[PDB]
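Chemist: Below you'll find input-v6.pdb; it's PDB, C-alpha atoms and all ligand atoms.
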```
ATOM      1  CA  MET A   1      90.556 124.950 112.337
ATOM      2  CA  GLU A   2      91.849 126.663 115.501
ATOM      3  CA  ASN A   3      95.482 125.768 114.723
ATOM      4  CA  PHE A   4      95.169 127.799 111.541
ATOM      5  CA  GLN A   5      94.123 131.196 110.259
ATOM      6  CA  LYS A   6      92.359 131.008 106.922
ATOM      7  CA  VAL A   7      93.762 133.631 104.595
ATOM      8  CA  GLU A   8      91.388 132.634 101.839
ATOM      9  CA  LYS A   9      89.561 129.863  99.994
ATOM     10  CA  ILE A  10      91.771 129.134  97.012
ATOM     11  CA  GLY A  11      89.858 126.294  95.358
ATOM     12  CA  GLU A  12      86.809 124.045  95.482
ATOM     13  CA  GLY A  13      87.907 120.437  95.193
ATOM     14  CA  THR A  14      86.473 117.146  94.055
ATOM     15  CA  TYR A  15      86.678 116.027  97.696
ATOM     16  CA  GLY A  16      86.440 119.246  99.659
ATOM     17  CA  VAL A  17      87.483 122.885 100.019
ATOM     18  CA  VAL A  18      91.072 124.165  99.840
ATOM     19  CA  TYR A  19      92.222 127.086 101.993
ATOM     20  CA  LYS A  20      95.406 129.099 102.161
ATOM     21  CA  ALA A  21      96.279 129.047 105.842
ATOM     22  CA  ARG A  22      98.983 130.122 108.270
ATOM     23  CA  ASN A  23     100.327 128.094 111.206
ATOM     24  CA  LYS A  24     100.293 130.189 114.417
ATOM     25  CA  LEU A  25     103.296 128.391 115.911
ATOM     26  CA  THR A  26     105.572 127.930 112.897
ATOM     27  CA  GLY A  27     104.294 130.821 110.767
ATOM     28  CA  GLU A  28     104.478 128.504 107.761
ATOM     29  CA  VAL A  29     101.877 129.140 105.024
ATOM     30  CA  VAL A  30     100.114 125.985 103.820
ATOM     31  CA  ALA A  31      97.246 124.729 101.691
ATOM     32  CA  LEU A  32      94.573 123.198 103.903
ATOM     33  CA  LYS A  33      92.061 120.797 102.403
ATOM     34  CA  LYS A  34      88.962 119.991 104.473
ATOM     35  CA  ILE A  35      86.743 116.970 103.715
ATOM     36  CA  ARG A  36      82.987 117.151 104.478
ATOM     37  CA  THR A  41      81.056 112.333 108.325
ATOM     38  CA  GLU A  42      79.627 108.809 108.784
ATOM     39  CA  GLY A  43      82.355 107.007 110.635
ATOM     40  CA  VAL A  44      84.585 108.334 108.053
ATOM     41  CA  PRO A  45      86.457 105.211 106.897
ATOM     42  CA  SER A  46      89.526 103.758 108.574
ATOM     43  CA  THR A  47      90.516 102.254 105.209
ATOM     44  CA  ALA A  48      90.782 105.735 103.680
ATOM     45  CA  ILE A  49      93.303 107.246 106.078
ATOM     46  CA  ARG A  50      95.546 104.214 105.699
ATOM     47  CA  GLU A  51      96.299 104.807 102.015
ATOM     48  CA  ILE A  52      96.413 108.579 102.365
ATOM     49  CA  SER A  53      99.708 107.750 104.096
ATOM     50  CA  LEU A  54     100.714 106.196 100.788
ATOM     51  CA  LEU A  55     100.436 109.705  99.358
ATOM     52  CA  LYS A  56     102.392 111.138 102.287
ATOM     53  CA  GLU A  57     105.617 109.217 101.619
ATOM     54  CA  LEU A  58     105.774 110.334  97.990
ATOM     55  CA  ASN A  59     108.601 112.799  97.545
ATOM     56  CA  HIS A  60     109.249 114.213  94.119
ATOM     57  CA  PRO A  61     109.987 117.768  92.946
ATOM     58  CA  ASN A  62     106.922 117.500  90.658
ATOM     59  CA  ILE A  63     104.462 116.247  93.281
ATOM     60  CA  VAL A  64     102.969 118.680  95.831
ATOM     61  CA  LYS A  65     104.066 117.614  99.311
ATOM     62  CA  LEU A  66     101.411 116.318 101.701
ATOM     63  CA  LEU A  67     102.593 117.499 105.128
ATOM     64  CA  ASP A  68      99.978 116.046 107.494
ATOM     65  CA  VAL A  69      96.643 114.311 107.770
ATOM     66  CA  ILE A  70      94.339 115.281 110.643
ATOM     67  CA  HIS A  71      91.155 113.301 111.319
ATOM     68  CA  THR A  72      89.834 115.132 114.404
ATOM     69  CA  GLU A  73      86.211 116.187 115.066
ATOM     70  CA  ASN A  74      84.492 114.484 112.114
ATOM     71  CA  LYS A  75      86.179 116.214 109.211
ATOM     72  CA  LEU A  76      89.434 115.291 107.546
ATOM     73  CA  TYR A  77      92.142 117.901 107.064
ATOM     74  CA  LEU A  78      95.011 117.408 104.658
ATOM     75  CA  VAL A  79      97.882 119.847 105.139
ATOM     76  CA  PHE A  80      99.837 120.493 101.940
ATOM     77  CA  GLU A  81     102.686 122.745 100.853
ATOM     78  CA  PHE A  82     101.332 125.911  99.249
ATOM     79  CA  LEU A  83     102.118 127.063  95.689
ATOM     80  CA  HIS A  84     101.192 130.496  94.410
ATOM     81  CA  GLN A  85      99.292 129.761  91.235
ATOM     82  CA  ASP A  86      97.401 127.014  89.421
ATOM     83  CA  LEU A  87      97.849 126.283  85.704
ATOM     84  CA  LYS A  88      94.207 127.133  84.976
ATOM     85  CA  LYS A  89      94.761 130.666  86.245
ATOM     86  CA  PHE A  90      98.068 130.919  84.352
ATOM     87  CA  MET A  91      96.513 129.765  81.047
ATOM     88  CA  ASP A  92      93.722 132.310  81.464
ATOM     89  CA  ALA A  93      96.333 134.987  82.212
ATOM     90  CA  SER A  94      98.391 133.868  79.185
ATOM     91  CA  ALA A  95      95.403 133.568  76.825
ATOM     92  CA  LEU A  96      96.260 136.641  74.755
ATOM     93  CA  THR A  97      99.899 135.872  73.967
ATOM     94  CA  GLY A  98      99.812 132.140  74.664
ATOM     95  CA  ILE A  99     102.310 130.275  76.863
ATOM     96  CA  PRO A 100     105.687 130.174  75.058
ATOM     97  CA  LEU A 101     106.407 126.707  73.560
ATOM     98  CA  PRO A 102     109.602 126.261  75.586
ATOM     99  CA  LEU A 103     107.561 126.744  78.753
ATOM    100  CA  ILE A 104     104.754 124.448  77.585
ATOM    101  CA  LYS A 105     107.464 121.872  76.872
ATOM    102  CA  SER A 106     109.188 122.201  80.260
ATOM    103  CA  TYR A 107     105.826 121.906  82.009
ATOM    104  CA  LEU A 108     104.830 118.783  80.063
ATOM    105  CA  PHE A 109     108.247 117.216  80.693
ATOM    106  CA  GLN A 110     108.045 117.864  84.457
ATOM    107  CA  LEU A 111     104.452 116.570  84.683
ATOM    108  CA  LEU A 112     105.490 113.361  82.908
ATOM    109  CA  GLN A 113     108.367 112.977  85.416
ATOM    110  CA  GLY A 114     105.865 113.387  88.224
ATOM    111  CA  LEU A 115     103.545 110.818  86.624
ATOM    112  CA  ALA A 116     106.397 108.394  85.880
ATOM    113  CA  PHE A 117     107.240 108.549  89.572
ATOM    114  CA  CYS A 118     103.654 108.131  90.836
ATOM    115  CA  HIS A 119     102.972 105.293  88.435
ATOM    116  CA  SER A 120     106.164 103.363  89.294
ATOM    117  CA  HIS A 121     104.943 103.609  92.894
ATOM    118  CA  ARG A 122     101.483 102.330  91.914
ATOM    119  CA  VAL A 123      99.722 105.628  92.604
ATOM    120  CA  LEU A 124      97.177 106.979  90.100
ATOM    121  CA  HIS A 125      96.067 110.606  90.022
ATOM    122  CA  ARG A 126      92.688 109.875  88.270
ATOM    123  CA  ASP A 127      91.750 113.571  88.572
ATOM    124  CA  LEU A 128      94.187 115.537  86.380
ATOM    125  CA  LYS A 129      93.124 119.030  85.241
ATOM    126  CA  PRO A 130      94.610 122.517  84.993
ATOM    127  CA  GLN A 131      93.165 123.438  88.439
ATOM    128  CA  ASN A 132      95.100 120.513  89.946
ATOM    129  CA  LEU A 133      98.475 121.584  88.492
ATOM    130  CA  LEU A 134     100.387 124.130  90.547
ATOM    131  CA  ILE A 135     103.258 126.388  89.477
ATOM    132  CA  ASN A 136     105.888 128.493  91.200
ATOM    133  CA  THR A 137     108.103 131.486  90.344
ATOM    134  CA  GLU A 138     111.117 129.261  89.570
ATOM    135  CA  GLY A 139     109.537 127.374  86.661
ATOM    136  CA  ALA A 140     108.489 124.216  88.500
ATOM    137  CA  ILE A 141     105.078 122.589  88.056
ATOM    138  CA  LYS A 142     103.576 120.033  90.448
ATOM    139  CA  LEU A 143     100.755 117.483  90.504
ATOM    140  CA  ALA A 144      98.296 118.227  93.313
ATOM    141  CA  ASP A 145      94.961 117.182  94.804
ATOM    142  CA  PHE A 146      95.323 113.532  93.870
ATOM    143  CA  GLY A 147      91.787 112.290  93.491
ATOM    144  CA  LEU A 148      92.234 108.775  94.576
ATOM    145  CA  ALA A 149      88.877 107.045  94.010
ATOM    146  CA  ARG A 150      90.203 104.137  95.945
ATOM    147  CA  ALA A 151      92.126 105.258  98.992
ATOM    148  CA  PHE A 152      88.782 106.910  99.559
ATOM    149  CA  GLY A 153      86.603 106.970  96.475
ATOM    150  CA  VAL A 154      84.373 108.927  94.134
ATOM    151  CA  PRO A 155      81.483 111.332  94.854
ATOM    152  CA  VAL A 156      79.461 113.183  92.192
ATOM    153  CA  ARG A 157      80.380 116.441  93.925
ATOM    154  CA  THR A 158      82.903 118.140  96.168
ATOM    155  CA  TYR A 159      80.883 119.733  98.959
ATOM    156  CA  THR A 160      78.036 121.958  97.763
ATOM    157  CA  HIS A 161      76.614 122.481  94.251
ATOM    158  CA  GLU A 162      79.920 122.358  92.332
ATOM    159  CA  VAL A 163      80.111 121.044  88.770
ATOM    160  CA  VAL A 164      82.721 118.405  87.868
ATOM    161  CA  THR A 165      84.753 118.899  84.696
ATOM    162  CA  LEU A 166      84.615 115.900  82.390
ATOM    163  CA  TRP A 167      86.961 117.501  79.852
ATOM    164  CA  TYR A 168      90.060 115.470  80.845
ATOM    165  CA  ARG A 169      88.392 112.052  81.419
ATOM    166  CA  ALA A 170      89.817 109.097  79.460
ATOM    167  CA  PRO A 171      87.366 107.311  77.112
ATOM    168  CA  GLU A 172      87.663 103.995  78.990
ATOM    169  CA  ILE A 173      86.225 105.714  82.096
ATOM    170  CA  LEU A 174      83.359 107.222  80.101
ATOM    171  CA  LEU A 175      82.593 103.778  78.619
ATOM    172  CA  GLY A 176      82.233 102.432  82.123
ATOM    173  CA  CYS A 177      85.368 100.433  82.803
ATOM    174  CA  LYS A 178      85.590  99.521  86.504
ATOM    175  CA  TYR A 179      89.384  99.308  86.771
ATOM    176  CA  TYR A 180      91.483 102.368  85.870
ATOM    177  CA  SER A 181      95.084 102.039  84.740
ATOM    178  CA  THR A 182      97.954 104.530  84.717
ATOM    179  CA  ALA A 183      96.862 105.207  81.143
ATOM    180  CA  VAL A 184      94.003 107.401  82.403
ATOM    181  CA  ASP A 185      96.503 110.028  83.635
ATOM    182  CA  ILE A 186      98.405 110.130  80.318
ATOM    183  CA  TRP A 187      95.101 110.787  78.523
ATOM    184  CA  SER A 188      94.277 113.728  80.845
ATOM    185  CA  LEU A 189      97.781 115.140  80.498
ATOM    186  CA  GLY A 190      97.485 114.876  76.727
ATOM    187  CA  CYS A 191      94.268 116.892  76.873
ATOM    188  CA  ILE A 192      96.066 119.487  79.027
ATOM    189  CA  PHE A 193      99.061 119.704  76.626
ATOM    190  CA  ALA A 194      96.713 120.398  73.693
ATOM    191  CA  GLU A 195      94.945 123.085  75.686
ATOM    192  CA  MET A 196      98.207 124.868  76.594
ATOM    193  CA  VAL A 197      99.082 124.893  72.905
ATOM    194  CA  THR A 198      95.813 126.031  71.304
ATOM    195  CA  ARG A 199      94.462 128.000  74.277
ATOM    196  CA  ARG A 200      91.172 126.124  74.039
ATOM    197  CA  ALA A 201      89.932 123.014  75.830
ATOM    198  CA  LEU A 202      90.352 120.098  73.442
ATOM    199  CA  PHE A 203      87.215 118.184  74.458
ATOM    200  CA  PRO A 204      84.847 120.479  76.329
ATOM    201  CA  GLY A 205      81.915 118.142  77.038
ATOM    202  CA  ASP A 206      78.877 119.464  78.876
ATOM    203  CA  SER A 207      77.714 115.920  79.755
ATOM    204  CA  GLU A 208      79.094 112.383  79.851
ATOM    205  CA  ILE A 209      77.779 111.440  76.416
ATOM    206  CA  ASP A 210      78.623 114.834  74.922
ATOM    207  CA  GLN A 211      82.150 114.324  76.280
ATOM    208  CA  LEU A 212      82.329 110.905  74.654
ATOM    209  CA  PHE A 213      80.884 112.158  71.365
ATOM    210  CA  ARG A 214      83.269 115.119  71.256
ATOM    211  CA  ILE A 215      86.184 112.671  71.561
ATOM    212  CA  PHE A 216      84.633 110.466  68.825
ATOM    213  CA  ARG A 217      84.041 113.388  66.427
ATOM    214  CA  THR A 218      87.732 114.331  66.636
ATOM    215  CA  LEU A 219      89.558 110.993  66.938
ATOM    216  CA  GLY A 220      87.005 108.861  65.085
ATOM    217  CA  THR A 221      84.467 106.512  66.665
ATOM    218  CA  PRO A 222      86.552 103.640  68.039
ATOM    219  CA  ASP A 223      86.028 100.094  66.785
ATOM    220  CA  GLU A 224      87.544  96.647  67.364
ATOM    221  CA  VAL A 225      90.328  97.456  64.869
ATOM    222  CA  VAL A 226      91.798 100.387  66.858
ATOM    223  CA  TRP A 227      90.544  99.258  70.259
ATOM    224  CA  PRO A 228      90.103  95.493  70.729
ATOM    225  CA  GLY A 229      87.461  94.911  73.369
ATOM    226  CA  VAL A 230      85.825  98.319  72.997
ATOM    227  CA  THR A 231      82.436  97.005  71.769
ATOM    228  CA  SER A 232      82.192  94.809  74.865
ATOM    229  CA  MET A 233      82.576  97.634  77.361
ATOM    230  CA  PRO A 234      79.790  98.275  79.891
ATOM    231  CA  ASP A 235      78.542 101.616  78.485
ATOM    232  CA  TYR A 236      79.334 100.976  74.799
ATOM    233  CA  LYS A 237      76.267 100.983  72.544
ATOM    234  CA  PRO A 238      76.221  99.713  68.929
ATOM    235  CA  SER A 239      73.981 102.675  68.307
ATOM    236  CA  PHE A 240      76.849 105.184  68.792
ATOM    237  CA  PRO A 241      77.196 107.339  65.673
ATOM    238  CA  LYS A 242      80.178 106.486  63.505
ATOM    239  CA  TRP A 243      82.446 109.486  62.978
ATOM    240  CA  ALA A 244      85.585 109.393  60.834
ATOM    241  CA  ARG A 245      88.846 110.504  62.446
ATOM    242  CA  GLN A 246      89.800 114.130  61.716
ATOM    243  CA  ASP A 247      93.138 114.897  60.180
ATOM    244  CA  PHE A 248      95.349 115.410  63.227
ATOM    245  CA  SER A 249      96.898 118.671  61.912
ATOM    246  CA  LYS A 250      93.526 120.363  62.396
ATOM    247  CA  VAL A 251      93.648 119.449  66.088
ATOM    248  CA  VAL A 252      96.604 121.308  67.571
ATOM    249  CA  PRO A 253      97.965 123.849  65.120
ATOM    250  CA  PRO A 254     100.515 125.184  65.052
ATOM    251  CA  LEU A 255     102.262 122.476  67.137
ATOM    252  CA  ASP A 256     105.234 120.962  65.255
ATOM    253  CA  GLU A 257     105.354 117.300  64.122
ATOM    254  CA  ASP A 258     107.308 116.085  67.162
ATOM    255  CA  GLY A 259     104.634 117.562  69.451
ATOM    256  CA  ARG A 260     101.754 116.190  67.364
ATOM    257  CA  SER A 261     103.383 112.767  67.236
ATOM    258  CA  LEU A 262     103.747 112.675  71.039
ATOM    259  CA  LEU A 263     100.191 113.985  71.555
ATOM    260  CA  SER A 264      98.771 111.358  69.202
ATOM    261  CA  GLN A 265     100.453 108.667  71.367
ATOM    262  CA  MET A 266      99.069 110.088  74.622
ATOM    263  CA  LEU A 267      95.631 110.084  73.017
ATOM    264  CA  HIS A 268      95.471 106.483  71.691
ATOM    265  CA  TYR A 269      92.072 104.905  72.370
ATOM    266  CA  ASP A 270      93.411 101.567  73.587
ATOM    267  CA  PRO A 271      94.784 102.049  77.135
ATOM    268  CA  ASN A 272      97.365  99.419  76.155
ATOM    269  CA  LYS A 273      98.624 101.301  73.108
ATOM    270  CA  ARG A 274      98.631 104.625  75.010
ATOM    271  CA  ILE A 275     102.222 105.767  75.697
ATOM    272  CA  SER A 276     103.585 105.435  79.260
ATOM    273  CA  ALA A 277     104.904 108.456  81.133
ATOM    274  CA  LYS A 278     108.325 106.769  81.129
ATOM    275  CA  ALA A 279     108.350 106.264  77.361
ATOM    276  CA  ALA A 280     106.918 109.743  76.768
ATOM    277  CA  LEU A 281     109.989 111.257  78.472
ATOM    278  CA  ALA A 282     112.139 109.646  75.787
ATOM    279  CA  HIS A 283     110.146 111.110  72.881
ATOM    280  CA  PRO A 284     112.191 113.357  70.479
ATOM    281  CA  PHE A 285     109.883 116.249  71.381
ATOM    282  CA  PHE A 286     111.966 116.659  74.561
ATOM    283  CA  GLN A 287     115.383 116.591  72.890
ATOM    284  CA  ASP A 288     115.601 120.408  73.223
ATOM    285  CA  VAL A 289     113.745 120.747  76.572
ATOM    286  CA  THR A 290     114.883 123.530  78.941
ATOM    287  CA  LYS A 291     113.541 125.054  82.151
ATOM    288  CA  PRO A 292     112.329 128.599  81.442
ATOM    289  CA  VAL A 293     110.898 130.918  84.068
ATOM    290  CA  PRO A 294     107.226 131.944  83.782
ATOM    291  CA  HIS A 295     106.038 135.541  84.022
ATOM    292  CA  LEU A 296     103.810 135.221  87.038
ATOM    293  CA  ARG A 297     101.582 137.923  88.500
ATOM    294  CA  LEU A 298     100.766 137.059  92.113
TER     295      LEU A 298
HETATM  296  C1  LIG B   1      90.496 129.246  88.145
HETATM  297  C2  LIG B   1      91.792 128.844  88.856
HETATM  298  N1  LIG B   1      91.737 128.587  90.258
HETATM  299  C3  LIG B   1      90.616 127.745  90.572
HETATM  300  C4  LIG B   1      89.561 128.237  91.507
HETATM  301  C5  LIG B   1      91.688 129.843  91.015
HETATM  302  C6  LIG B   1      92.860 130.229  91.885
HETATM  303  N2  LIG B   1      93.436 129.273  92.776
HETATM  304  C7  LIG B   1      94.891 129.174  92.895
HETATM  305  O1  LIG B   1      95.628 129.936  92.214
HETATM  306  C8  LIG B   1      95.525 128.149  93.868
HETATM  307  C9  LIG B   1      96.645 128.349  94.736
HETATM  308  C10 LIG B   1      97.483 129.626  94.876
HETATM  309  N3  LIG B   1      96.857 127.188  95.437
HETATM  310  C11 LIG B   1      95.903 126.252  95.046
HETATM  311  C12 LIG B   1      95.707 124.828  95.544
HETATM  312  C13 LIG B   1      96.857 124.105  96.275
HETATM  313  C14 LIG B   1      98.113 124.543  96.733
HETATM  314  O2  LIG B   1      98.645 125.812  96.627
HETATM  315  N4  LIG B   1      98.732 123.466  97.308
HETATM  316  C15 LIG B   1      97.884 122.317  97.240
HETATM  317  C16 LIG B   1      98.022 120.955  97.675
HETATM  318  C17 LIG B   1      96.980 120.038  97.449
HETATM  319  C18 LIG B   1      95.815 120.459  96.802
HETATM  320  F1  LIG B   1      94.805 119.638  96.572
HETATM  321  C19 LIG B   1      95.692 121.795  96.374
HETATM  322  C20 LIG B   1      96.735 122.702  96.611
HETATM  323  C21 LIG B   1      95.071 126.842  94.083
HETATM  324  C22 LIG B   1      93.907 126.169  93.404
END
```
Will you turn the file into structure tokens for me?
Ligand SMILES: CCN(CC)CCNC(=O)c1c(C)[nH]c(/C=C2\C(=O)Nc3ccc(F)cc32)c1C
Modeler:
Amino acid sequence: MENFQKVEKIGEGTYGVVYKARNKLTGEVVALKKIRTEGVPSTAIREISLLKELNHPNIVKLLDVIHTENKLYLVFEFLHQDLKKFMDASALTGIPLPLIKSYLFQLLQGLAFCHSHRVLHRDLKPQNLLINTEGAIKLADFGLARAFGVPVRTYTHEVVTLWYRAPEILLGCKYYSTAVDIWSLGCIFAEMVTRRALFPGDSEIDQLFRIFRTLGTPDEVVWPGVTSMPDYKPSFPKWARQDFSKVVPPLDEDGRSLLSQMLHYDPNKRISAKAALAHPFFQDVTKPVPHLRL
């Protein structure tokens, strides 16, 4: 883009490539996301504007959309680090619980806001969560698989993480609900705590079976309707649920109780972002400042 000097390529998206870029007029530093070119739907750019009018301290601001010359550019505010990088950097000592807690609380606020506005993320993962020096965390790179839609790639030969995908998606449900984002955020919370991915599947079925081995193979008792879902097979192995205290030690009982509710199989039993904010886990929540090396 001639309006912009690329400083660097800071991420490889689901949709496209993200660049750190400077505006030659304003001198403002931004994140620039470029999307691959068929006639490049009209319908898409409509509901991108739905993302543009979202303003919340926990949602990364979308500054502009630019359709010119058969690529789509999304201009976003720039943040200095992503949670994936921060977790890797914190792997030795772990992220302090008060900071984990503030981050979870803020992400739930962000989700509560998005969801009350009928916007789903669908894509949540540590790479998509951005932090700053003042202790804020923000939802970014909304994946919307309507308002556009879903490829199997981003641009070139990049491998999509299934680790955060809700079981209803894996079982082939056509219609997502807001519950899919709470699932992903639950997986992220566990990972901050234990410093290991909770469900690191290497394929769709391995992802499913990893969830089953830990939470038990779902049945009609815990998840009415499950056996009727498009990708469900009666031939799935039957695993018993693991004791939950094995899962995220040493998280306290308030944390485990909240996590267990974010991880319910039935999208209808799964806690809402709004209700999650009222959980006793957050009674002592504060806003600590992260030690960030930029
Ligand atoms: C392994 C961790 N990371 C993945 C490659 C490596 C490092 N990458 C980083 O730290 C990083 C930084 C410093 N900014 C972003 C991305 C965005 C940003 O700032 N505003 C946005 C608005 C929308 C959006 F969709 C992405 C961004 C990343 C991934």
Chemist: Do you know which residues are within 10 Å of ligand LIG 1 (chain B) using all atoms listed in the file? Can you write them as a PDB file with C-alpha atoms, keeping the file's coordinate frame?
Modeler:
```pdb
ATOM      1  CA  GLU A   8      91.388 132.634 101.839  1.00  0.00           C
ATOM      2  CA  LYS A   9      89.561 129.863  99.994  1.00  0.00           C
ATOM      3  CA  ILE A  10      91.771 129.134  97.012  1.00  0.00           C
ATOM      4  CA  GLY A  11      89.858 126.294  95.358  1.00  0.00           C
ATOM      5  CA  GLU A  12      86.809 124.045  95.482  1.00  0.00           C
ATOM      6  CA  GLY A  13      87.907 120.437  95.193  1.00  0.00           C
ATOM      7  CA  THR A  14      86.473 117.146  94.055  1.00  0.00           C
ATOM      8  CA  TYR A  15      86.678 116.027  97.696  1.00  0.00           C
ATOM      9  CA  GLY A  16      86.440 119.246  99.659  1.00  0.00           C
ATOM     10  CA  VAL A  17      87.483 122.885 100.019  1.00  0.00           C
ATOM     11  CA  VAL A  18      91.072 124.165  99.840  1.00  0.00           C
ATOM     12  CA  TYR A  19      92.222 127.086 101.993  1.00  0.00           C
ATOM     13  CA  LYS A  20      95.406 129.099 102.161  1.00  0.00           C
ATOM     14  CA  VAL A  29     101.877 129.140 105.024  1.00  0.00           C
ATOM     15  CA  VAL A  30     100.114 125.985 103.820  1.00  0.00           C
ATOM     16  CA  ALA A  31      97.246 124.729 101.691  1.00  0.00           C
ATOM     17  CA  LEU A  32      94.573 123.198 103.903  1.00  0.00           C
ATOM     18  CA  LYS A  33      92.061 120.797 102.403  1.00  0.00           C
ATOM     19  CA  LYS A  34      88.962 119.991 104.473  1.00  0.00           C
ATOM     20  CA  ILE A  63     104.462 116.247  93.281  1.00  0.00           C
ATOM     21  CA  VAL A  64     102.969 118.680  95.831  1.00  0.00           C
ATOM     22  CA  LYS A  65     104.066 117.614  99.311  1.00  0.00           C
ATOM     23  CA  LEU A  66     101.411 116.318 101.701  1.00  0.00           C
ATOM     24  CA  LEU A  67     102.593 117.499 105.128  1.00  0.00           C
ATOM     25  CA  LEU A  78      95.011 117.408 104.658  1.00  0.00           C
ATOM     26  CA  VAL A  79      97.882 119.847 105.139  1.00  0.00           C
ATOM     27  CA  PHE A  80      99.837 120.493 101.940  1.00  0.00           C
ATOM     28  CA  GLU A  81     102.686 122.745 100.853  1.00  0.00           C
ATOM     29  CA  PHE A  82     101.332 125.911  99.249  1.00  0.00           C
ATOM     30  CA  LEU A  83     102.118 127.063  95.689  1.00  0.00           C
ATOM     31  CA  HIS A  84     101.192 130.496  94.410  1.00  0.00           C
ATOM     32  CA  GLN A  85      99.292 129.761  91.235  1.00  0.00           C
ATOM     33  CA  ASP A  86      97.401 127.014  89.421  1.00  0.00           C
ATOM     34  CA  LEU A  87      97.849 126.283  85.704  1.00  0.00           C
ATOM     35  CA  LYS A  88      94.207 127.133  84.976  1.00  0.00           C
ATOM     36  CA  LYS A  89      94.761 130.666  86.245  1.00  0.00           C
ATOM     37  CA  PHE A  90      98.068 130.919  84.352  1.00  0.00           C
ATOM     38  CA  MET A  91      96.513 129.765  81.047  1.00  0.00           C
ATOM     39  CA  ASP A  92      93.722 132.310  81.464  1.00  0.00           C
ATOM     40  CA  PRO A 130      94.610 122.517  84.993  1.00  0.00           C
ATOM     41  CA  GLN A 131      93.165 123.438  88.439  1.00  0.00           C
ATOM     42  CA  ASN A 132      95.100 120.513  89.946  1.00  0.00           C
ATOM     43  CA  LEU A 133      98.475 121.584  88.492  1.00  0.00           C
ATOM     44  CA  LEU A 134     100.387 124.130  90.547  1.00  0.00           C
ATOM     45  CA  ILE A 135     103.258 126.388  89.477  1.00  0.00           C
ATOM     46  CA  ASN A 136     105.888 128.493  91.200  1.00  0.00           C
ATOM     47  CA  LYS A 142     103.576 120.033  90.448  1.00  0.00           C
ATOM     48  CA  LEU A 143     100.755 117.483  90.504  1.00  0.00           C
ATOM     49  CA  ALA A 144      98.296 118.227  93.313  1.00  0.00           C
ATOM     50  CA  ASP A 145      94.961 117.182  94.804  1.00  0.00           C
ATOM     51  CA  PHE A 146      95.323 113.532  93.870  1.00  0.00           C
ATOM     52  CA  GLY A 147      91.787 112.290  93.491  1.00  0.00           C
ATOM     53  CA  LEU A 298     100.766 137.059  92.113  1.00  0.00           C
TER      54      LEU A 298
END
```
Chemist: Apply the PyMOL selection byres (((chain A and resi 119) around 10) and not hetatm) to the file shown and report the selected residues as a PyMOL selection string.
Modeler: chain A and resi 113-118+120-125+181-183+185+276-278
Chemist: Counting all atoms listed in the file, what is within 9 Å of region 234-238 of chain A, bar same-chain residues fewer than 4 positions away, as a list in words?
Modeler: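 Final neighbour list, sorted by chain and number: residues 174, 175, 176, 177, 178 and 230 of chain A.
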Chemist: To one decimal in Å, tell me the separation between CA of residue 247 (chain A) and CA of residue 210 (chain A).
Modeler: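 Computing the Euclidean distance for CA of residue 247 (chain A) and CA of residue 210 (chain A) yields 20.7 Å.
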Chemist: Can you list, as a ChimeraX atom specification, the residues that the PyMOL selection byres (((chain A and resi 162-164) around 12) and not hetatm) selects here?
Modeler: /A:11-17,127-129,131,154-161,165-169,204-208
Chemist: Could you please determine the separation between CA of residue 43 (chain A) and CA of residue 23 (chain A) in Å, to one decimal place?
Modeler: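 Between CA of residue 43 (chain A) and CA of residue 23 (chain A) the gap works out to 27.7 Å.
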Chemist: Which of these residues is nearest to residue 50 (chain A), using only C-alpha atoms: A:100, A:198, A:93, A:152?
Modeler: A:152
Chemist: When you draw a straight line from CA of residue 51 (chain A) to CA of residue 153 (chain A), how long is it in Å?
Modeler: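 Separation between CA of residue 51 (chain A) and CA of residue 153 (chain A): 11.4 Å.
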Chemist: Between A:189, A:296, A:27, A:271, which one has atoms that come closest to residue 229 (chain A), using only C-alpha atoms?
Modeler: A:271
Chemist: Would you compute, for all listed atoms of region 120-128 of chain A, the axis-aligned bounding box grown by 5 Å on each side, and then report its centre and edge lengths in Å rounded to one decimal, as JSON?
Modeler:
```
{"center_x": 99.0, "center_y": 108.9, "center_z": 89.6, "size_x": 24.4, "size_y": 23.2, "size_z": 16.5}
```
Chemist: Going by the chain IDs and residue numbers used in this file, which residues fall under the PyMOL selection byres (((chain A and resi 256-260) around 10) and not hetatm)? Write them as a VMD selection string.
Modeler: chain A and resid 105 193 to 194 197 248 to 249 251 to 255 261 to 266 283 to 287
Chemist: Skipping near chain neighbours, those fewer than 4 positions away, what residues fall within 12 Å of residue 269 (chain A) using all atoms listed in the file, listed as a count of residues only?
Modeler: 32
